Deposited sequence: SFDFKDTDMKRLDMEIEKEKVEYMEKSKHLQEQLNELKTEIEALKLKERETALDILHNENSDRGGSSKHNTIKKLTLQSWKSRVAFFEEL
């Protein structure tokens, strides 16, 4: 009873997160495009250009590589 109630509370919270988040990503994208024509491409930084390529998402993908191979990779760099 209370457990089904908690699950629903949890789903509510989740929905709100995803909804606020989607809206935000959408506005960020709209704004970026809306001001692009005013951009001085000559002043673009490498960080900016390297950016046009979440932090947590990329981490999990690096975290999966085994310790042995990362070490071996590190020493080969």
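- Judged by missing C-alpha atoms, the gaps in the deposited chain sequence fall at residues 1 to 6, 60 to 66, listed in sequence order.
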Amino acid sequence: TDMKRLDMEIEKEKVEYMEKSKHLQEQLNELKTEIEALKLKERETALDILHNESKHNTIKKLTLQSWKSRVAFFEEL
From here on, numbers count along this sequence of modelled residues.
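- Between 42 to 50 and 29 to 37, it is 42 to 50 that carries the larger average Cα temperature factor according to the deposited entry.
- Taking only CA atoms, the mean B-factor in the PDB entry is higher for 64 to 72 than for the other of 13 to 21 and 64 to 72.
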